[PDB]
Structure formats: structure tokens, C-alpha cells
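Have a look at protein_37.pdb; it's PDB, C-alpha atoms and all ligand atoms:
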ATOM      1  CA  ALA S   1       1.420  -4.357  14.145
ATOM      2  CA  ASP S   2       0.210  -7.968  14.146
ATOM      3  CA  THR S   3      -2.059  -9.512  16.768
ATOM      4  CA  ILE S   4      -0.569 -12.759  18.002
ATOM      5  CA  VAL S   5      -1.902 -15.557  20.184
ATOM      6  CA  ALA S   6       0.502 -18.457  20.399
ATOM      7  CA  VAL S   7       1.543 -21.616  22.185
ATOM      8  CA  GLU S   8       5.318 -21.705  22.419
ATOM      9  CA  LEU S   9       7.628 -24.678  22.843
ATOM     10  CA  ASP S  10      10.544 -22.717  24.218
ATOM     11  CA  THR S  11      13.808 -24.675  24.288
ATOM     12  CA  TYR S  12      16.131 -21.854  25.364
ATOM     13  CA  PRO S  13      15.807 -20.001  28.672
ATOM     14  CA  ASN S  14      16.256 -16.279  28.044
ATOM     15  CA  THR S  15      16.151 -15.305  31.691
ATOM     16  CA  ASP S  16      16.914 -11.657  30.791
ATOM     17  CA  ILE S  17      13.409 -11.409  29.339
ATOM     18  CA  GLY S  18      11.390 -13.394  31.834
ATOM     19  CA  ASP S  19      11.749 -17.031  30.740
ATOM     20  CA  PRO S  20      11.982 -19.607  33.558
ATOM     21  CA  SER S  21      15.422 -21.240  33.939
ATOM     22  CA  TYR S  22      14.503 -24.304  31.880
ATOM     23  CA  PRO S  23      12.885 -25.380  28.606
ATOM     24  CA  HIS S  24       9.119 -24.812  28.828
ATOM     25  CA  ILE S  25       5.830 -24.402  27.007
ATOM     26  CA  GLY S  26       3.770 -21.258  27.402
ATOM     27  CA  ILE S  27       0.738 -19.329  26.285
ATOM     28  CA  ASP S  28       1.624 -15.992  24.711
ATOM     29  CA  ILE S  29      -1.056 -13.311  24.362
ATOM     30  CA  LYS S  30       0.285 -10.421  22.266
ATOM     31  CA  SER S  31       3.645 -10.738  24.050
ATOM     32  CA  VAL S  32       6.680 -13.045  24.160
ATOM     33  CA  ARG S  33       6.506 -12.972  27.989
ATOM     34  CA  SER S  34       4.039 -15.848  28.505
ATOM     35  CA  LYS S  35       0.985 -15.244  30.694
ATOM     36  CA  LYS S  36       1.475 -18.807  31.887
ATOM     37  CA  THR S  37       4.218 -21.450  31.615
ATOM     38  CA  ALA S  38       4.898 -25.086  32.492
ATOM     39  CA  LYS S  39       8.155 -27.049  32.772
ATOM     40  CA  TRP S  40       8.892 -29.115  29.652
ATOM     41  CA  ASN S  41      11.326 -32.028  29.643
ATOM     42  CA  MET S  42      12.242 -31.644  25.985
ATOM     43  CA  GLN S  43      13.992 -34.668  24.450
ATOM     44  CA  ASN S  44      16.784 -33.960  21.975
ATOM     45  CA  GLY S  45      16.416 -36.126  18.879
ATOM     46  CA  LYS S  46      13.006 -37.624  19.680
ATOM     47  CA  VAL S  47       9.678 -37.023  17.888
ATOM     48  CA  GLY S  48       7.094 -35.229  20.014
ATOM     49  CA  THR S  49       3.449 -34.255  19.656
ATOM     50  CA  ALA S  50       1.642 -31.065  20.551
ATOM     51  CA  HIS S  51      -2.121 -30.788  20.971
ATOM     52  CA  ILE S  52      -3.866 -27.438  21.419
ATOM     53  CA  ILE S  53      -7.581 -27.042  22.085
ATOM     54  CA  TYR S  54     -10.071 -24.241  22.730
ATOM     55  CA  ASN S  55     -13.821 -23.675  22.817
ATOM     56  CA  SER S  56     -15.849 -20.506  23.302
ATOM     57  CA  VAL S  57     -18.040 -22.015  26.006
ATOM     58  CA  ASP S  58     -15.194 -22.576  28.474
ATOM     59  CA  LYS S  59     -12.987 -19.815  27.072
ATOM     60  CA  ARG S  60      -9.843 -21.745  27.923
ATOM     61  CA  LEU S  61      -6.714 -22.197  25.797
ATOM     62  CA  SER S  62      -4.976 -25.480  26.690
ATOM     63  CA  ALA S  63      -2.021 -27.381  25.339
ATOM     64  CA  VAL S  64      -0.401 -30.726  26.077
ATOM     65  CA  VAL S  65       3.025 -31.795  24.832
ATOM     66  CA  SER S  66       4.264 -35.351  25.152
ATOM     67  CA  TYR S  67       6.946 -37.796  24.087
ATOM     68  CA  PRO S  68       6.282 -41.556  23.943
ATOM     69  CA  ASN S  69       6.651 -43.331  27.276
ATOM     70  CA  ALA S  70       7.199 -40.029  29.117
ATOM     71  CA  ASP S  71       5.007 -37.838  31.346
ATOM     72  CA  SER S  72       3.352 -34.985  29.456
ATOM     73  CA  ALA S  73       3.621 -31.232  29.979
ATOM     74  CA  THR S  74       0.401 -29.232  30.241
ATOM     75  CA  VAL S  75      -0.374 -25.518  30.335
ATOM     76  CA  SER S  76      -3.728 -23.697  30.443
ATOM     77  CA  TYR S  77      -4.914 -20.092  30.443
ATOM     78  CA  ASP S  78      -8.398 -18.568  30.728
ATOM     79  CA  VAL S  79      -8.869 -16.195  27.818
ATOM     80  CA  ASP S  80     -11.695 -15.012  25.572
ATOM     81  CA  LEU S  81     -10.253 -14.996  22.059
ATOM     82  CA  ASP S  82     -13.110 -12.667  21.096
ATOM     83  CA  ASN S  83     -11.501  -9.866  23.174
ATOM     84  CA  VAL S  84      -8.122 -10.427  21.488
ATOM     85  CA  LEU S  85      -8.259 -11.696  17.933
ATOM     86  CA  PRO S  86      -9.919 -10.290  14.820
ATOM     87  CA  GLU S  87     -12.920 -12.269  13.585
ATOM     88  CA  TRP S  88     -10.964 -13.783  10.692
ATOM     89  CA  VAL S  89      -7.417 -15.056  11.112
ATOM     90  CA  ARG S  90      -4.761 -17.365   9.745
ATOM     91  CA  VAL S  91      -3.106 -20.183  11.632
ATOM     92  CA  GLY S  92       0.497 -21.261  11.433
ATOM     93  CA  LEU S  93       3.729 -22.654  12.828
ATOM     94  CA  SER S  94       6.790 -20.558  13.547
ATOM     95  CA  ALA S  95      10.348 -21.328  14.637
ATOM     96  CA  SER S  96      13.740 -19.712  15.105
ATOM     97  CA  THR S  97      17.382 -20.260  16.145
ATOM     98  CA  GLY S  98      19.961 -17.600  17.027
ATOM     99  CA  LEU S  99      23.319 -18.192  18.723
ATOM    100  CA  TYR S 100      22.348 -21.802  19.497
ATOM    101  CA  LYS S 101      20.330 -23.938  17.136
ATOM    102  CA  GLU S 102      18.176 -27.015  16.569
ATOM    103  CA  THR S 103      16.202 -28.496  13.691
ATOM    104  CA  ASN S 104      12.589 -27.298  13.818
ATOM    105  CA  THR S 105      11.098 -30.120  11.757
ATOM    106  CA  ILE S 106       7.349 -30.692  11.487
ATOM    107  CA  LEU S 107       6.380 -34.200  10.271
ATOM    108  CA  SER S 108       2.618 -33.746  10.577
ATOM    109  CA  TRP S 109       0.063 -31.017  11.241
ATOM    110  CA  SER S 110      -3.714 -31.095  11.543
ATOM    111  CA  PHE S 111      -6.213 -28.432  12.470
ATOM    112  CA  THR S 112      -9.953 -28.316  12.930
ATOM    113  CA  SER S 113     -12.175 -25.303  13.601
ATOM    114  CA  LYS S 114     -15.936 -25.225  13.978
ATOM    115  CA  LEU S 115     -18.381 -22.344  14.217
ATOM    116  CA  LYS S 116     -22.096 -22.857  14.991
ATOM    117  CA  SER S 117     -24.661 -20.098  14.376
ATOM    118  CA  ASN S 118     -28.005 -19.538  16.151
ATOM    119  CA  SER S 119     -29.799 -21.037  13.133
ATOM    120  CA  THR S 120     -30.686 -24.585  14.189
ATOM    121  CA  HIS S 121     -27.733 -27.001  13.816
ATOM    122  CA  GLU S 122     -25.902 -25.986  10.617
ATOM    123  CA  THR S 123     -22.346 -25.891  11.955
ATOM    124  CA  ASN S 124     -19.575 -24.553   9.727
ATOM    125  CA  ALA S 125     -16.265 -26.451   9.762
ATOM    126  CA  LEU S 126     -12.707 -26.365   8.406
ATOM    127  CA  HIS S 127     -10.270 -29.246   8.630
ATOM    128  CA  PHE S 128      -6.883 -29.832   7.059
ATOM    129  CA  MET S 129      -4.424 -32.635   7.643
ATOM    130  CA  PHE S 130      -0.846 -32.719   6.375
ATOM    131  CA  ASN S 131       0.947 -36.043   6.962
ATOM    132  CA  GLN S 132       3.325 -35.517   4.055
ATOM    133  CA  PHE S 133       4.491 -32.131   2.757
ATOM    134  CA  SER S 134       5.710 -31.800  -0.817
ATOM    135  CA  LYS S 135       7.776 -29.274  -2.756
ATOM    136  CA  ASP S 136       5.407 -26.717  -4.163
ATOM    137  CA  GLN S 137       2.806 -26.941  -1.415
ATOM    138  CA  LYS S 138       0.453 -24.298  -2.784
ATOM    139  CA  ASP S 139      -1.914 -24.363   0.216
ATOM    140  CA  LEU S 140       0.812 -23.086   2.533
ATOM    141  CA  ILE S 141       2.262 -19.584   2.819
ATOM    142  CA  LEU S 142       5.942 -20.133   3.588
ATOM    143  CA  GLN S 143       7.732 -17.158   5.180
ATOM    144  CA  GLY S 144      11.422 -16.654   5.916
ATOM    145  CA  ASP S 145      13.564 -19.799   5.760
ATOM    146  CA  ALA S 146      10.675 -22.271   5.962
ATOM    147  CA  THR S 147      10.871 -24.977   3.291
ATOM    148  CA  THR S 148       8.883 -28.121   2.455
ATOM    149  CA  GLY S 149       9.456 -31.388   0.630
ATOM    150  CA  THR S 150      12.728 -32.546   2.166
ATOM    151  CA  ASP S 151      11.962 -36.114   3.234
ATOM    152  CA  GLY S 152       8.314 -35.084   3.043
ATOM    153  CA  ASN S 153       8.720 -32.800   6.056
ATOM    154  CA  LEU S 154       8.435 -29.084   6.709
ATOM    155  CA  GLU S 155      11.666 -27.518   7.945
ATOM    156  CA  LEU S 156      10.763 -24.231   9.573
ATOM    157  CA  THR S 157      14.389 -23.157  10.023
ATOM    158  CA  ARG S 158      17.487 -23.504   7.871
ATOM    159  CA  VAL S 159      19.140 -26.939   7.754
ATOM    160  CA  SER S 160      22.362 -27.629   5.769
ATOM    161  CA  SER S 161      22.730 -30.371   3.158
ATOM    162  CA  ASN S 162      24.120 -32.859   5.694
ATOM    163  CA  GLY S 163      21.281 -32.100   8.108
ATOM    164  CA  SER S 164      23.055 -29.604  10.355
ATOM    165  CA  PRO S 165      20.763 -26.920  11.818
ATOM    166  CA  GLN S 166      21.849 -23.316  11.115
ATOM    167  CA  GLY S 167      21.717 -20.438  13.571
ATOM    168  CA  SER S 168      20.207 -16.994  13.016
ATOM    169  CA  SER S 169      17.275 -18.480  11.150
ATOM    170  CA  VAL S 170      13.541 -17.887  11.203
ATOM    171  CA  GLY S 171      10.634 -19.328   9.250
ATOM    172  CA  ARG S 172       6.885 -19.742   9.460
ATOM    173  CA  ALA S 173       4.186 -21.691   7.621
ATOM    174  CA  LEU S 174       0.540 -20.520   7.507
ATOM    175  CA  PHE S 175      -2.532 -22.216   6.083
ATOM    176  CA  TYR S 176      -3.577 -20.359   2.947
ATOM    177  CA  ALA S 177      -7.279 -19.881   3.725
ATOM    178  CA  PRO S 178      -8.363 -17.478   6.473
ATOM    179  CA  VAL S 179     -10.263 -19.108   9.334
ATOM    180  CA  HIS S 180     -13.488 -17.804  10.909
ATOM    181  CA  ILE S 181     -12.486 -18.140  14.553
ATOM    182  CA  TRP S 182     -15.511 -16.382  16.037
ATOM    183  CA  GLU S 183     -18.668 -14.469  15.170
ATOM    184  CA  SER S 184     -20.696 -11.960  17.179
ATOM    185  CA  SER S 185     -23.722 -14.288  17.187
ATOM    186  CA  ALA S 186     -22.167 -17.742  17.301
ATOM    187  CA  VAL S 187     -23.568 -20.252  19.816
ATOM    188  CA  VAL S 188     -20.351 -22.238  19.980
ATOM    189  CA  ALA S 189     -16.958 -22.184  18.278
ATOM    190  CA  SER S 190     -13.992 -24.424  18.817
ATOM    191  CA  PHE S 191     -10.672 -25.454  17.366
ATOM    192  CA  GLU S 192      -8.104 -28.148  17.831
ATOM    193  CA  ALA S 193      -4.611 -28.395  16.466
ATOM    194  CA  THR S 194      -2.067 -31.204  16.466
ATOM    195  CA  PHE S 195       1.490 -31.406  15.176
ATOM    196  CA  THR S 196       4.439 -33.768  15.574
ATOM    197  CA  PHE S 197       7.898 -32.238  15.636
ATOM    198  CA  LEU S 198      11.491 -33.422  15.674
ATOM    199  CA  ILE S 199      13.940 -31.113  17.421
ATOM    200  CA  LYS S 200      17.571 -32.232  17.464
ATOM    201  CA  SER S 201      20.762 -30.290  17.906
ATOM    202  CA  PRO S 202      24.466 -30.897  18.434
ATOM    203  CA  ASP S 203      24.303 -28.080  21.060
ATOM    204  CA  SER S 204      23.915 -28.952  24.751
ATOM    205  CA  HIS S 205      21.422 -26.073  24.909
ATOM    206  CA  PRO S 206      19.302 -26.172  21.719
ATOM    207  CA  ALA S 207      17.419 -23.025  20.756
ATOM    208  CA  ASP S 208      15.122 -21.301  20.229
ATOM    209  CA  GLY S 209      11.813 -23.134  19.946
ATOM    210  CA  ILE S 210       8.662 -23.717  17.892
ATOM    211  CA  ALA S 211       5.219 -22.144  18.226
ATOM    212  CA  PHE S 212       1.709 -22.618  16.934
ATOM    213  CA  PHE S 213       0.115 -19.217  16.433
ATOM    214  CA  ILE S 214      -3.053 -17.459  15.336
ATOM    215  CA  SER S 215      -2.623 -13.982  13.819
ATOM    216  CA  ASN S 216      -4.220 -11.294  11.709
ATOM    217  CA  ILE S 217      -4.573 -12.535   8.115
ATOM    218  CA  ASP S 218      -1.772 -10.282   6.808
ATOM    219  CA  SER S 219       0.868 -11.163   9.437
ATOM    220  CA  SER S 220       4.492 -11.379   8.270
ATOM    221  CA  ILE S 221       7.751 -12.039  10.097
ATOM    222  CA  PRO S 222       8.630  -8.962  12.154
ATOM    223  CA  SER S 223      12.112  -7.541  11.587
ATOM    224  CA  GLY S 224      14.836  -9.045  13.723
ATOM    225  CA  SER S 225      12.539 -11.626  15.318
ATOM    226  CA  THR S 226      15.149 -14.384  15.006
ATOM    227  CA  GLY S 227      16.246 -16.122  18.159
ATOM    228  CA  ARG S 228      14.282 -15.506  21.328
ATOM    229  CA  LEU S 229      11.419 -13.735  19.551
ATOM    230  CA  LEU S 230      10.386 -17.008  17.877
ATOM    231  CA  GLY S 231       9.612 -15.138  14.649
ATOM    232  CA  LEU S 232       6.418 -13.775  16.175
ATOM    233  CA  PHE S 233       7.101 -10.512  18.070
ATOM    234  CA  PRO S 234       9.082  -7.375  17.119
ATOM    235  CA  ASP S 235      10.495  -6.903  20.610
ATOM    236  CA  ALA S 236      10.603  -8.401  24.089
ATOM    237  CA  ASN S 237       7.876  -6.181  25.550
TER     238      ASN S 237
HETATM  239  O1  LIG G 301      19.949 -18.894  20.285
HETATM  240  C1  LIG G 301      19.904 -18.628  21.700
HETATM  241  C2  LIG G 301      19.999 -17.118  21.975
HETATM  242  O2  LIG G 301      21.232 -16.688  21.315
HETATM  243  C3  LIG G 301      21.519 -15.237  21.411
HETATM  244  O3  LIG G 301      21.561 -14.800  22.785
HETATM  245  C4  LIG G 301      22.688 -15.117  23.602
HETATM  246  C5  LIG G 301      23.761 -13.964  23.545
HETATM  247  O4  LIG G 301      24.105 -13.690  22.189
HETATM  248  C6  LIG G 301      23.264 -12.664  24.251
HETATM  249  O5  LIG G 301      24.294 -11.656  24.324
HETATM  250  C7  LIG G 301      22.757 -12.976  25.672
HETATM  251  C8  LIG G 301      22.253 -11.829  26.548
HETATM  252  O6  LIG G 301      21.411 -10.930  25.876
HETATM  253  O7  LIG G 301      21.692 -13.996  25.638
HETATM  254  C9  LIG G 301      22.231 -15.221  25.045
HETATM  255  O8  LIG G 301      23.121 -15.848  25.905
HETATM  256  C10 LIG G 301      20.355 -14.476  20.767
HETATM  257  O9  LIG G 301      20.272 -14.843  19.402
HETATM  258  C11 LIG G 301      19.028 -14.822  21.482
HETATM  259  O10 LIG G 301      17.984 -14.097  20.855
HETATM  260  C12 LIG G 301      18.799 -16.355  21.349
HETATM  261  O11 LIG G 301      17.599 -16.652  22.089
HETATM  262 CA    CA G 302      13.372 -18.460  25.064
HETATM  263 MN    MN G 303       9.517 -18.543  26.827
END
Represent the structure contained in this file as C-alpha cells.
Ligand SMILES: OC[C@H]1O[C@H](O[C@H]2[C@@H](O)[C@H](O)[C@@H](CO)O[C@@H]2O)[C@@H](O)[C@@H](O)[C@@H]1O
Ligand SMILES: [Ca+2]
Ligand SMILES: [Mn+2]
Amino acid sequence: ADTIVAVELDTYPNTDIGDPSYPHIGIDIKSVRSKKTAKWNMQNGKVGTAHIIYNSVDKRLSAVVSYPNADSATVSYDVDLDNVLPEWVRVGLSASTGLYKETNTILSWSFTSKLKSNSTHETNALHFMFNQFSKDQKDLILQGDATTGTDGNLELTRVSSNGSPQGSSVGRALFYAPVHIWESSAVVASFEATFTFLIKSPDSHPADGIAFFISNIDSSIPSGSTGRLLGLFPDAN
């Protein structure tokens, strides 16, 4: 099966599987049951921003989610991505809906990864920045219901012609090129990701959430991962 490290923006509390009783953000290491969570005052209809950072010196995965003129939500977890992820990976965005829904719109997404070898200076880097998605975005691997181009945005889950979010939907978008996240003899490696999202729903309890994830290169949507599984895990283990 796939190896998944993700930062989830969980809008629906599935208490039957360990979620806290409120929308939250969490750090998921190979499991949908976050190793660490933080309360998130999600705002229906507003545009938010997520920022995720990591470096091999501190070995700490941190994320901050904010809305303009509102306090931010922060979550951190000490983890050595070398002990978890394969050397080469792919990075992406995933979302789902199930019984209750929401739009899982991404307006912008940027990512930067650096890897420095022992050889004096000479750092390797990868950076991509999408501020406008188009139809036929060949540098993205769209999976499930994910689509691009509508209003220049990336809709991870199904949205009807009039803009109504559909339930029982799942979609992901991964950057085409694999990323060298670590090397056995690297002095320092780091990455930073940023994305702005718009989650709105006519439900009083939107669902299910969006996630930024890092996986094996060949990852694909596991069967029946709609809803609470955020399109990342095959089960709730
Ligand atoms: O989209 C939210 C949520 O909807 C569905 O789960 C609800 C219900 O159908 C289940 O019977 C109960 C208990 O298991 O949980 C919910 O109330 C599922 O699609 C779920 O995956 C999803 O998160
Ligand atoms: Ca949930
Ligand atoms: Mn959760």
C-alpha cells in the first residue's frame, strides 16, 4: 500500500474514529488518526491559507492555517521523514465529501524543496507556483473527480454547474515530477508549501476536508476512501 504523510484540514468530526468534536487540522503519519491535532475555527465561504514547513535539521513538521483578521491555528509534530518516506516522492492535494459536502477549491498552490549535499554549497532546488490553473494542465496528475480550469481554479471534488458541491466525491492533484525529499548523505533538506482554499457549503456541518500530502510516487486513490478517509487511506486504522 501507499506511504502517506499528510496535513489535514478536517471539517467534519468523525468521533467514531478518533476525531476531536470540532473541525481541526492534524498531522497524519501513515494513518487517518492524527498523531497531533489543533482546534480550527474554519470559516464557511471565506478564503483561507495553509502554510506547511519542514527541515531535516529540526526534524519538525509544522503547519499554520489562517483567515484574514482572525487568529491562526497551528499544529506541530516531531518526526524524521527519513524514517517514514521513500527517498523520492510526489506531493499533492486531496479532498473528499460523503454524506455532507463542501467545495474543496484551491485558488493557489506553491511548493519549494531544497536538498544540499556534502559537496561545498551546490544546493539542489525545486519550486513551482500555480496562481492560475487552466484546462489541460499537463504538469498535474489529476485523480478521481479533481478538475482544473473552472474560473482558473482547481476543484478537488465534484461541483455542479450552478456551483453546488456534490457528496460522495473524492479527488487529488499531484505535481508531475517526483521530488527528492531526502538523501542518505544530505547536509540539509527542507520544504515549504502554501495553498489558498475556499471551502463553502450549504450544510451546517460541511465535510469532509482537504489535505496536503506526500506519498510514494505511484500513489493512487485507495478504494472507498471518500468521506472521512480524505482520499488518502484505505481504512480507519
Ligand atoms: O460526509 C460526512 C460523513 O458522512 C458519512 O457518515 C455519516 C453517516 O453516514 C454514518 O452512518 C455515521 C456513523 O458511522 O457517521 C456519519 O454521521 C460518511 O460518508 C463519512 O465517511 C463522512 O465523513
Ligand atoms: Ca473527519
Ligand atoms: Mn481528523
| Between CA of residue 208 in chain S and CA of residue 10 in chain S, what is the spacing in Å? |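 Taking CA of residue 10 in chain S as the start and CA of residue 208 in chain S as the end point, the length is 6.2 Å.
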| Which value, in Å to one decimal, gives the distance between CA of residue 146 in chain S and CA of residue 9 in chain S? |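 Computing the Euclidean distance for CA of residue 146 in chain S and CA of residue 9 in chain S yields 17.3 Å.
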| Distance criterion (all atoms listed in the file): nearest to ligand MN 303 (chain G) out of S:233, S:8, S:1, S:43 |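 For ligand MN 303 (chain G), the nearest of the candidates is S:8.
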| query | ligand LIG 301 (chain G): which residues are within 10 Å, counting all atoms listed in the file, as number ranges by chain? | reply | S: 10-17, 96-102, 167-169, 205-209, 224-230, 236
| Need the neighbours of (-16.0, -23.7, 17.6): which residues are at most 10 Å away, counting only C-alpha atoms, as a PyMOL selection string? | chain S and resi 54-57+112-117+123-125+180-183+186-192
| message | When you count all atoms listed in the file, which of these residues is closest to ligand MN 303 (chain G): S:198, S:70, S:211, S:217? | response |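 The shortest atom-to-atom distance to ligand MN 303 (chain G) comes from S:211.
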| field | Target residues per the PyMOL selection byres (((chain S and resi 215) around 9) and not hetatm), formatted as a VMD selection string | value | chain S and resid 2 to 6 85 to 86 88 to 92 213 to 214 216 to 219
| field | Pairwise distance for CA of residue 63 in chain S and CA of residue 50 in chain S, rounded to one decimal in Å | value |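 According to the coordinates, CA of residue 63 in chain S and CA of residue 50 in chain S are separated by 7.1 Å.
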| request: Determine the residue set returned by the PyMOL selection byres (((chain S and resi 141) around 8) and not hetatm) for the present structure, and present it as a list in words. | output: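 With the PyMOL selection byres (((chain S and resi 141) around 8) and not hetatm) on this model, the match is residues 138, 139, 140, 142, 143, 173, 174, 175 and 176 of chain S.
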I'd like a table as JSON lines: residues in chain S with an atom no more than 7 Å from ligand MN 303 (chain G), each row giving the shortest atom pair and its distance in Å to one decimal, all atoms listed in the file counted, sorted by chain and rising residue number.
{"residue": "S:8", "atom": "CA", "partner": "G:MN303", "partner_atom": "MN", "distance": 6.9}
{"residue": "S:10", "atom": "CA", "partner": "G:MN303", "partner_atom": "MN", "distance": 5.0}
{"residue": "S:13", "atom": "CA", "partner": "G:MN303", "partner_atom": "MN", "distance": 6.7}
{"residue": "S:19", "atom": "CA", "partner": "G:MN303", "partner_atom": "MN", "distance": 4.8}
{"residue": "S:24", "atom": "CA", "partner": "G:MN303", "partner_atom": "MN", "distance": 6.6}
{"residue": "S:25", "atom": "CA", "partner": "G:MN303", "partner_atom": "MN", "distance": 6.9}
{"residue": "S:26", "atom": "CA", "partner": "G:MN303", "partner_atom": "MN", "distance": 6.4}
{"residue": "S:32", "atom": "CA", "partner": "G:MN303", "partner_atom": "MN", "distance": 6.7}
{"residue": "S:33", "atom": "CA", "partner": "G:MN303", "partner_atom": "MN", "distance": 6.4}
{"residue": "S:34", "atom": "CA", "partner": "G:MN303", "partner_atom": "MN", "distance": 6.3}
| task | Might you spell out which residues the PyMOL selection byres (((chain S and resi 106) around 9) and not hetatm) would select in the displayed file, as a list in words? | result |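 Checking the PyMOL selection byres (((chain S and resi 106) around 9) and not hetatm) against this file, the residues are residues 93, 104, 105, 107, 108, 109, 153, 154, 155, 156, 195, 196, 197, 198 and 199 of chain S.
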| request: Determine the nearest neighbour of ligand CA 302 (chain G) from the options S:171, S:76, S:18, S:145, counting all atoms listed in the file. | output: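 For ligand CA 302 (chain G), the nearest of the candidates is S:18.
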| request: Go through S:103, S:94, S:41, S:134 one by one, measure the shortest atom-to-atom distance of each to residue 203 in chain S using only C-alpha atoms, and give the residue with the smallest value. | output: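 With only C-alpha atoms as the atom set, the closest residue is S:103.
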| In terms of the shortest atom-to-atom distance over all atoms listed in the file, which of S:20, S:81, S:204, S:39 is closest to ligand CA 302 (chain G)? |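 Answer, going by the shortest atom-to-atom distance: S:20.
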Please report, as JSON, the centre and edge lengths in Å to one decimal of an axis-aligned box covering all listed atoms of range 103-117 of chain S with 8 Å per side.
{"center_x": -4.2, "center_y": -27.1, "center_z": 12.6, "size_x": 56.9, "size_y": 30.1, "size_z": 20.7}
| message | Just checking: using only C-alpha atoms and all ligand atoms, which residue out of S:121, S:52, S:95, S:66 ends up closest to ligand CA 302 (chain G)? | response |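 Closest candidate: S:95.
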